[PDB]
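Notes follow once the structure below has been shown.
Note on naming: letters A, B, ... go to the chains in the order of the sequence lines (proteins, then strands), and numbering restarts at 1 for each one. We use all heavy atoms of the structure for the numbers below, so side chains are in, but hydrogens, waters and symmetry mates are not.
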Amino acid sequence: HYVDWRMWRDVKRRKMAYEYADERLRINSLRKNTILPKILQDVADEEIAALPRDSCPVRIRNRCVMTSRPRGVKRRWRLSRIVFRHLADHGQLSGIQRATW
Amino acid sequence: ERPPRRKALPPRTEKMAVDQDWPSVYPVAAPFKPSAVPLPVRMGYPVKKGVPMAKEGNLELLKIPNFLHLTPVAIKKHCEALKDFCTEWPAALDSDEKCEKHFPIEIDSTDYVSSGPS
Amino acid sequence: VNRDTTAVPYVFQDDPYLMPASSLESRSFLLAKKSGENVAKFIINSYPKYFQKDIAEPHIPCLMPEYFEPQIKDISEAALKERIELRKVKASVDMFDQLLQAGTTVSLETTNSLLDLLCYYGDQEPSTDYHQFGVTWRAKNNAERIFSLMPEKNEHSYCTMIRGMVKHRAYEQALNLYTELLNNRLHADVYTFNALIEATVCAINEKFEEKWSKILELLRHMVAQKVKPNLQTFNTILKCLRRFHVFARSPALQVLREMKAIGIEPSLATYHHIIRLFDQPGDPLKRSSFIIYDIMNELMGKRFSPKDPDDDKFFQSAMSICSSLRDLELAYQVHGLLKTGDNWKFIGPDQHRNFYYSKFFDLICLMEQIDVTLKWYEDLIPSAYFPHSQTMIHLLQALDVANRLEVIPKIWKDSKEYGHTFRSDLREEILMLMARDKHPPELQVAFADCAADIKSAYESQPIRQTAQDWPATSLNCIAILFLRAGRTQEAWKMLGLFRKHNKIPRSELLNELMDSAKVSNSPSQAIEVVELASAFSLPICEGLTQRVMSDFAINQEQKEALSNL
Amino acid sequence: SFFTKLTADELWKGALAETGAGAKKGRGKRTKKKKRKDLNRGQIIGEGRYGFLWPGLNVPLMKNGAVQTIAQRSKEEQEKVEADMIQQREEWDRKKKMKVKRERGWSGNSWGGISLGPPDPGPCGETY
Amino acid sequence: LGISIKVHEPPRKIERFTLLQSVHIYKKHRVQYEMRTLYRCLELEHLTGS
Amino acid sequence: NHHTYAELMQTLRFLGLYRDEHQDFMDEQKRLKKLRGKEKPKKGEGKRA
Amino acid sequence: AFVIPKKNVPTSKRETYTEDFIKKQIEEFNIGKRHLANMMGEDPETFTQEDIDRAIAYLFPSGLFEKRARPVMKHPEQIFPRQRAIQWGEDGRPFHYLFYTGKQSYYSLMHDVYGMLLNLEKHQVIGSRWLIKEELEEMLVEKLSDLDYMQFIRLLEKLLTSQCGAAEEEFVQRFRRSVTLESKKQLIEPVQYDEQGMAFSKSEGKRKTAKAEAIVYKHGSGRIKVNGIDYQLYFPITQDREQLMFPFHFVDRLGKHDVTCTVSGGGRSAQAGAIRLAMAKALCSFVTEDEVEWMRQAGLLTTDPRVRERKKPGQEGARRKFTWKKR
Amino acid sequence: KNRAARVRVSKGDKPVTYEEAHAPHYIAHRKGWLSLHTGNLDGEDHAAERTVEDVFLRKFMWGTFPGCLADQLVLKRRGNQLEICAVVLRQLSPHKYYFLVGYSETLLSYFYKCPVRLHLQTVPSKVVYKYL
RNA sequence: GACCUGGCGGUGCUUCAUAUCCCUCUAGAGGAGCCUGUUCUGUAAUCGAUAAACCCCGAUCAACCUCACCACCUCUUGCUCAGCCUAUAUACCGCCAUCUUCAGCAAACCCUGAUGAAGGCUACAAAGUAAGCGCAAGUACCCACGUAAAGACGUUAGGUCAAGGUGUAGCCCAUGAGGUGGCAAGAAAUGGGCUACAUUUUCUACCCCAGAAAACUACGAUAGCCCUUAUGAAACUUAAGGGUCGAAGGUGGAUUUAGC
RNA sequence: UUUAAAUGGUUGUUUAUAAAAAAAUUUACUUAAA
Ligand SMILES: [K+]
Ligand SMILES: [K+]
Ligand SMILES: [K+]
Ligand SMILES: [K+]
Ligand SMILES: [Mg+2]
Ligand SMILES: [Mg+2]
Ligand SMILES: [Mg+2]
Ligand SMILES: [Mg+2]
Ligand SMILES: [Mg+2]
Ligand SMILES: [Mg+2]
Ligand SMILES: [Mg+2]
Ligand SMILES: [Mg+2]
Ligand SMILES: [Mg+2]
Ligand SMILES: [Mg+2]
Ligand SMILES: [Mg+2]
Ligand SMILES: [Mg+2]
Ligand SMILES: [Mg+2]
Ligand SMILES: [Mg+2]
Ligand SMILES: [Mg+2]
Ligand SMILES: [Mg+2]
Ligand SMILES: [Mg+2]
Ligand SMILES: [Mg+2]
Ligand SMILES: [Mg+2]
Ligand SMILES: [Mg+2]
Ligand SMILES: [Mg+2]
Ligand SMILES: [Mg+2]
Ligand SMILES: [Mg+2]
């Protein structure tokens with residue numbers, strides 16, 4: 001019942017990334033320093049690379065929650081510029097008015 | 001349809017005396033009810049050769065956060081009931097210099113009141 | 001803040017279209033709102049998934065879905081305890097049987113908990129959202145079967161069984177079980193003894209003296225077993241003593257005197273039972289007079305807390321006696337007690353509240369000055385209750401006695417707003433009072449406007465779907481009120497209605513129609529008055545016709561008049 | 001998605017295409033014009049596909065002087081309600097399909113010789 | 001209630017942001033929105049916990 | 001959670017408590033396409049093979 | 001018969017307020033006025049229209065920029081538009097001999113003025129502005145053309161130019177309104193005295209985003225201190241120092257006053273311009289009124305309104321446009 | 001030409017309410033906001049969740065009271081409370097209104113885990129500001 | 001044949017255009033390098049915009065993801081009481097461009113033309129009265145100024161089925177869904193921008209009273225090469241810094257943009 | 001009165017009506033008996 005298959009793929013990525021966040025944080029800490037031996041850091045390099053691809057947080061996309069538009073989204077409202085304007089121009093967003101100065 | 005359509009009763013502001021206890025009508029914060037507020041208040045930008053819209057079915061008056069439950073009479077009556085909960089500031093600590101001598105440490109904390117489920 | 005008299009109760013929607021306009025609408029509008037809440041709750045519990053996202057901080061347990069199904073599927077004693085906590089009578093009994101067949105041990109406490117569930121609900125499922133006369137106890141019930149199955153039976157097991165039987169009207173069987181309890185040398189608890197008192201009175205139809213001896217014997221058994229009586233022990237005795245109304249009066253007072261000595265403080269229920277016992281259909285009410293006065297002196301300025309399930313029934317009974325004695329000062333004391341502290345919460349359900357206020361306002365109108373009656377009228381209606389059509393008649397009678405008939409038009413307006421527009425009794429009373437005597441011009445005009453509105457109500461009757469009736473009196477009164485106010489045109493139309501509906505006009509209406517015609521000096525109209533009465537064969541017409549013939553009558557009309565008779 | 005659903009007024013305004021560039025300069029023919037159909041006409045509040053009987057909405061609040069409880073129409077009973085609803089729609093639709101016999105003037109598609117009825121009455125109680 | 005209160009008005013904050021006016025192309029055309037946050041600072045003094 | 005919103009409002013429609021004007025619109029269109037012959041084919045047993 | 005779809009109740013349905021309706025609205029205002037006094041705990045008998053407006057503003061707080069859109073509780077006479085009474089009776093005969101002209105009020109007035117001129121002929125300023133058109137229409141409760149207004153004013157001028165009697169002058173004054181002429185005279189600052197008894201005058205200035213406060217002492221040696229620093233150090237650029245000298249040089253009082261100023265915000269030039277304004281306004285206290293007028297006419301006492309212009313979307317700058325491509 | 005939320009002039013027979021008669025450039029000059037919460041104030045959180053809730057509530061109420069609403073909702077949030085102010089018509093029976101108020105208040109409180117109230121104002125017919 | 005209305009005229013007269021049509025004023029573009037679009041060519045390898053009114057345009061943004069593309073592989077009541085970024089913007093809603101740096105569009109009536117398409121003004125007045133909409137007035141920003149905003153009816157079947165929704169037609173073991181990998185280049189041309197060609201300059205101090213530099217070690221790359229770092233699971237590629245390197249360029253053809 | 005200033009593929013323009021309807025409740029405690 002999500003807007004489209006693209007939104008559904010992003011929903012799964014956000015879920016898998018959440019599940020693996022702690023494990024990914026722990027392994028990255030082993031890699032992001034010069035204290036530990038390079039042999040150990042090399043094994044950590046492989047371990048984080050073997051985790052499922054959809055656990056990688058960089059693959060998450062901030063799509064419009066209403067229409068799934070991948071660009072033109074305002075992060076504070078999580079809405080596309082077209083949907084945000086529809087709500088703002090009808091006076092349905094608290095405190096948001098047209099700017100003239 | 002056996003009977004005629006149900007007819008709305010006349011507004012109960014016509015039964016209100018001009019010396020009523022208004023705080024009893026609006027005890028707490030409530031939306032503006034044109035049938036309960038005995039004021040001919042009008043709102044709305046008037047059309048050419050027109051007048052601001054009447055209060056019945058007026059969505060602009062419904063949008064205002066009114067202060068009908070916080071009239072000067074109600075506030076004074078409210079605070080009279082709340083004096084029992086208050087304690088008296090120590091008379092010795094008249095000035096800020098006196099406060100610093102007896103209480104050198106000052107702890108600042110902040111509380112945030114927002115609207116929402118959390 | 002205080003109650004707003006112009007408003008209906010706060011539970012209702014504060015809107016002219018949605019505000020209840022009658023006592024019936026008051027009940028139905030709340031029932032509809034409650035039905036909506038049940039439908040929502042039904043959906044919430046049917047589909048918990050949709051209401052499992054908790055966004056509240058702090059967490060609100062009450063706004064979460066409820067799960068009524070057992071989540072332990074293993075057959076064990078611990079898993080059985082769940083079904084008893086869930087009050088699944090059928091599931092628990094079936095599982096208990098399966099547990100017993102498997103041969104695992106069920107603790108006495110667990111078995112006793114099952115008996116409590118079975119005994120209280122009579123081996124019947126408690127009511128759920130969705131899937132009177134006679135003895136509900138059945139010989140082939142699960143409680144009895146399990147009771148025998150029990151290997152060890154403690155005092156609590158017998159107790160809950162006795163209480164169950166009495167609750168379900170198995171009085172004789174409960175008494176037999178108590179005899180078995182005594183044979184086992186097992187002490188009964190206070191709650192069992194309270195149930196047993198009820199059993200002895202209800203079981204047999206012996207005369208009072210025998211029943212009193214039995215009750216006293218149980219009290220002596222209670223003392224022998226070192227069982228201390230609670231408030232309910234005495235309240236049941238008084239409630240049981242209501243059957244023998246004239247013989248239990250003095251004994252009932254002895255029971256009350258015993259309570260005070262022991263230290264048990266009589267609650268509102270205790271006094272409710274007493275006044276009901278002492279207040280039977282008798283004209284003197286001499287004993288009742290003393291009791292109520294003494295009770296009110298004791299209860300003056302006492303804040304009450306819920307102690308007995310019957311605490312809510314005192315005020316309606318107290319006000320009923322005040323109306324019977326016709327003592328307004330006593331009624332004000334009863335109401336004063338209701339208004340002290342939080343005693344107002346003991347008024348009871350809606351039908352109790354309507355009765356209390358009906359009896360209270362009917363006594364005010366009768367026994368108090370009109371100026372104060374109108375103050376009570378404004379405070380109580382509509383904010384406290386919606387008046388019955390009979391209470392408006394009492395208020396009209398009070399206005400008559402006080403010679404304040406300028407308010408009658410207002411009473412009609414309020415009556416229409418309270419759902420009495422089409423009450424025949426009320427409409428006939430108002431018209432009769434307005435037309436009984438002549439009034440000054442200003443009052444006569446106002447009465448005509450009210451009469452025209454009452455007339456319009458008769459025309460637009462919803463009973464028309466069945467049959468439309470114009471009571472003879474109403475028609476006569478309306479016509480007279482139009483004639484006295486000077487709307488002769490409107491009155492002239494009413495003569496068509498009299499013959500149409502076959503209603504005989506009174507002589508006073510005909511005699512006064514003369515002046516209207518004489519002032520006009522239209523002999524044609526004068527004959528119309530004669531023509532109508534002649535149809536009904538009224539004796540006044542013949543003598544009347546001659547006087548009209550002397551005053552104003554056309555020669556040709558005179559001859560016709562005589563032949564028409 | 002529940003959040004992508006529009007109202008009936010918006011759906012019909014788009015589907016009908018009454019305001020466009022194809023209706024300005026004789027750019028479109030008149031045959032394929034479609035008509036608006038109000039889909040709320042025969043719908044009753046509280047009536048659904050499951051057939052639940054909500055006391056005080058779908059059914060009367062009180063029956064025999066007692067508040068009714070939530071009930072559900074049996075399978076066969078709901079089938080009748082659903083079949084009746086289909087029949088009611090077809091009848092309503094039939095009424096619209098019926099053509100009223102229009103008295104023709106000089107020719108079938110000609111306006112000449114067709115009566116326009118009585119002249120409209122004047123503003124001061126004048127009648128023709 | 002006997003409290004010592006002093007009121008002053010901190011300066012308002014206006015947040016402005018720009019959006020595209022058309023659904024597709026026409027970059028030169030923009031709609032600009034604002035949110036105005038006004039303030040009032042009520043400063044009580046010499047109070048007790050109760 | 002678009003599942004919760006969609007599934008809740010679909011259940012409330014089948015219960016008779018929510019009128020979905022949009023879903024009503026696409027149910028009338030889908031109904032007129034059956035009378036016109038533009039019906040969705042059986043899965044697997046399609047035009048192609 | 002082919003039935004023309006009949007018109008519904010006129011949609012426009014222009015609202016007319018009959019005199020009885022206005023009377024019912026007045027009763028409502030008077031009754032509402034007593035509740036509003038009761039709500040606010042004031043005397044019903046001394047509750048004025050300015051108290052009503054204050055109470056309504058508190059009870060119904062509206063931030064709408066346009067005041068005509070805010071909640072209002074005014075006397076119906078001030079709310080509802082003034083409507084002309086019925087001009088004909090039951091018989092149908094109009095009440096005015098000039099009714100059929102359509103402008104009985106206007107043409108009756110024109111007739112009166114012409115008559116007065118005839119009688120006057122047979123018998124023989126700065127503050128007041130001729131009543132404007134929109135305000136004359138209000139008096140007559142008639143809709144006039146611009147050329148009709150001209151005609152009427154021309155006739156009044158003819159009346160005024162000729163000699164008039166007591167009565168004719170009063171009639172003319174009915175159509176003359178009062179103009180309050182603002183004085184372009186500088187407001188002098190109040191000379192203060194410090195702890196030592198030395199006269200000084202504080203003033204303020206503003207230029208772009210800079211704001212200066214200057215204290216000019218009645219007597220001094222010509223010392224200027226900017227933010228506690230000698231002016232030649234704080235203003236190395238000669239142009240800035242030239243601006244500081246312009247106020248004192250123009251009144252020929254270089255070396256006769258000591259100034260202490262504080263300037264914050266803006267750039268070097270804006271700060272010098274802000275200080276120039278602050279010093280000039282403060283120095284007005286010690287110069288003569290005529291010298292103050294010369295200072296005003298020389299540009300030394302006007303706040304320069306030229307501030308930076310915002311940038312507009314779709315353009316390179318405030319006025320600069322993006323490169324235009326015909327093809 | 002601008003289109004956003006503008007009812008366009010017709011032949012003078014289209015009744016418009018006061019809300020729909022004002023274009024977006026009047027949202028803080030002649031008309032107010034249909035929702036009041038703190039999400040969009042400076043330094044305030046959860047503007048996104050407040051917005052989604054508003055969009056749902058407006059659709060829920062439109063379908064729950066089909067054909068009854070005479071104008072747009074006014075959504076009010078004070079602390080934990082949510083108050084829905086609806087101007088409805090006087091066509092549906094009062095019994096059905098009371099059922100729907102009890103049903104919607106309960107169902108919405110369990111959905112958004114907060115006390116929800118519904119304040120109905122009845123009008124005989126849609127309030128016409130002007131005929132466009 | 002004769003007319004009505006509009007358009008158009010290298011059509012007359014008169015008055016004008018205020019960043020404006022000409023004469024004028026200032027700084028630029030067109031030449032060079034680089035950055036970024038577009039067209040062509042190339043590639044197994046998206047789509048849309050594309051006189052004024054496209055060309056740092058949908059994107060307030062593409063290493064995977066985004067993605068809609070290509071190759072290969074896999075799934076079949078499928079996240080959904082399915083799905084489709086499949087065709088049709090010449091079926092539409094929605095949101096807009098444009099004249100508009102306009103002032104007109106007008107329902108309802110009345111009158112003129114012999115009751116034709118149509119037309120309706122003269123103030124010392126001769127048939128027009130006109131609701132509504134736009135302009136205006138108000139409001140936002142620092143004023144009554146200015147700038148924003150606003151800007152009707154229509155014109156270009158103007159832009160957008162790929163924001164989303166949707167009429168009609170089509171696919172349903174595939175025109176739907178998922179996985180892995182991969183393409184997004186430069187023969188060439190061209191739009192916009194950035195940095196320069198220097199002495200009103202370059203470097204350092206300072207933030208305006210200085211000392212040096214100043215033509216093959218000058219001015220001049222934000223490019224190339226190497227190294228390091230930042231983000232990331234992934235960087236020859238994205239960004240930042242350092243080193244190294246020191247090129248074209250010597251003020252630019254026809255032509256052309258913006259500013260009161 | 002007064003320089004020169006050519007071109008623009010084919011077919012695609014304007015008629016018959018208009019509009020739903022409803023609904024039942026049916027004003028007054030407690031108890032109790034056989
Ligand atoms: K022409
Ligand atoms: K150049
Ligand atoms: K489509
Ligand atoms: K360039
Ligand atoms: Mg990303
Ligand atoms: Mg034919
Ligand atoms: Mg610039
Ligand atoms: Mg624009
Ligand atoms: Mg170049
Ligand atoms: Mg391309
Ligand atoms: Mg293309
Ligand atoms: Mg990619
Ligand atoms: Mg890929
Ligand atoms: Mg595809
Ligand atoms: Mg198009
Ligand atoms: Mg295209
Ligand atoms: Mg301006
Ligand atoms: Mg603009
Ligand atoms: Mg304007
Ligand atoms: Mg096109
Ligand atoms: Mg595919
Ligand atoms: Mg350089
Ligand atoms: Mg480099
Ligand atoms: Mg790294
Ligand atoms: Mg060099
Ligand atoms: Mg050729
Ligand atoms: Mg051609």
* Asked: Is a donor-acceptor contact shorter than 3.5 angstrom present between the side chain of C:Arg276 and the base of J:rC29?
  -> yes
* Structure fact -> Note: I:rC161 sugar, classed by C1'-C2'-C3'-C4' (positive north, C3'-endo side; negative south, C2'-endo side), is south
What's the closest nucleotide to the [X] side chain, out of [options]?
X: A:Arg59; options: I:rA157, I:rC64, I:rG167; answer: I:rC64
X: F:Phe25; options: I:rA234, I:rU166, I:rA136; answer: I:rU166
X: C:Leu24; options: I:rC208, J:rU25, J:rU31; answer: J:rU25
X: G:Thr323; options: I:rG192, I:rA130, I:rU76; answer: I:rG192
X: E:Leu20; options: I:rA130, I:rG58, I:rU155; answer: I:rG58
X: H:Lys130; options: I:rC133, I:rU166, I:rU98; answer: I:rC133

For [N] and [M], measure between their [atom1] atoms and round to the nearest Å.
N: I:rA103; M: I:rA108; atom1: P; value: 28 Å
N: I:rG48; M: I:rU190; atom1: P; value: 26 Å
N: I:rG128; M: I:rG113; atom1: P; value: 14 Å
N: I:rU129; M: I:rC111; atom1: P; value: 15 Å
N: I:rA150; M: I:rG134; atom1: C1'; value: 10 Å
N: I:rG158; M: I:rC92; atom1: P; value: 10 Å
N: I:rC207; M: I:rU36; atom1: P; value: 38 Å
N: I:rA196; M: I:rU100; atom1: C1'; value: 42 Å

Sidechain N-carboxylate O distance under 4.0 Å for [X], [Y]:
X: F:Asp27; Y: F:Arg13; result: yes
X: A:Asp10; Y: A:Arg61; result: no
X: D:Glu18; Y: D:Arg36; result: no

For [N], take OP1 and OP2 only and decide whether either is under 4.0 Å from a side-chain N or O of [X].
X: E:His24; N: I:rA59; result: no
X: G:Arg268; N: I:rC208; result: no
X: F:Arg48; N: I:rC173; result: no
X: F:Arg36; N: I:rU168; result: yes
X: D:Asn109; N: J:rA16; result: yes
X: A:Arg31; N: I:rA234; result: yes
X: A:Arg9; N: I:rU66; result: yes
X: A:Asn28; N: I:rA233; result: yes
X: G:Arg154; N: I:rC124; result: yes
X: A:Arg98; N: I:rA150; result: yes
X: C:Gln316; N: J:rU31; result: no
X: C:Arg423; N: J:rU27; result: yes
X: C:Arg243; N: J:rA33; result: yes
X: D:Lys32; N: I:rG167; result: no

Are [X] and the base of [N] stacked, counting only ring centres nearer than 5.5 Å and planes tilted under 30°?
X: G:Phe65; N: I:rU139; result: no
X: C:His388; N: J:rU27; result: yes
X: A:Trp101; N: I:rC141; result: no

Wobble or Watson-Crick pair present, [N] with [M], both under 3.5 Å:
N: I:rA140; M: I:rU147; result: yes
N: I:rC16; M: I:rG176; result: no
N: I:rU112; M: I:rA157; result: no
N: I:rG179; M: I:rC72; result: yes
N: I:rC183; M: I:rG94; result: no
N: I:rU229; M: I:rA239; result: yes
N: I:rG167; M: I:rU88; result: yes

* In terms of the nearest nucleotide of RNA chain I, which residue is placed more toward the 5' end: E:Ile14 or A:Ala99? -> E:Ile14
* To do: Assign each of H:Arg8 and G:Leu233 to its nearest nucleotide of RNA chain I by heavy atoms, then name whichever residue's nucleotide is nearer the 5' end.
  => H:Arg8
* Parallel, tilted or perpendicular: rings of H:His22 and H:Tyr26 (30°, 60°) -> perpendicular
* To do: Using the six-membered ring wherever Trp is involved, compare the ring planes of C:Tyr418 and C:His420 and label them parallel, tilted or perpendicular (cut-offs 30° and 60°).
  => perpendicular
* Asked: Touch check for C:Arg27, heavy atoms < 4.0 angstrom, all strands: base, sugar-phosphate only, or nothing?
  -> sugar-phosphate
* To do: May I ask you to say what H:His95 touches in the nucleic acid, namely base, sugar-phosphate or nothing, with a heavy-atom cut-off under 4.0 Å?
  => nothing
* Hey, mind stepping through C:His388 and C:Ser23 against side chain to side chain donor-acceptor pair (under 3.5 Å) and telling me if it holds? -> CA-CA 8 Å; C:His388 199 270; C:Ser23 188; over 6 Å; no
* Take A:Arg6 and A:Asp4, measure what salt bridge (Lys or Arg N to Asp or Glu O under 4.0 Å) needs, and give me the verdict at the end. => CA-CA 5 Å; A:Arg6 283 156 198 175; A:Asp4 59 13; 5.1 Å; no
* Quick check: are there more than 12 heavy atoms from other residues, nucleotides or ligands sitting under 6.0 Å from CZ of F:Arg36? -> yes
* Asked: Going by distance alone, is a donor N or O of one side chain under 3.5 Å from an acceptor N or O of the other, for C:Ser28 and H:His95?
  -> yes
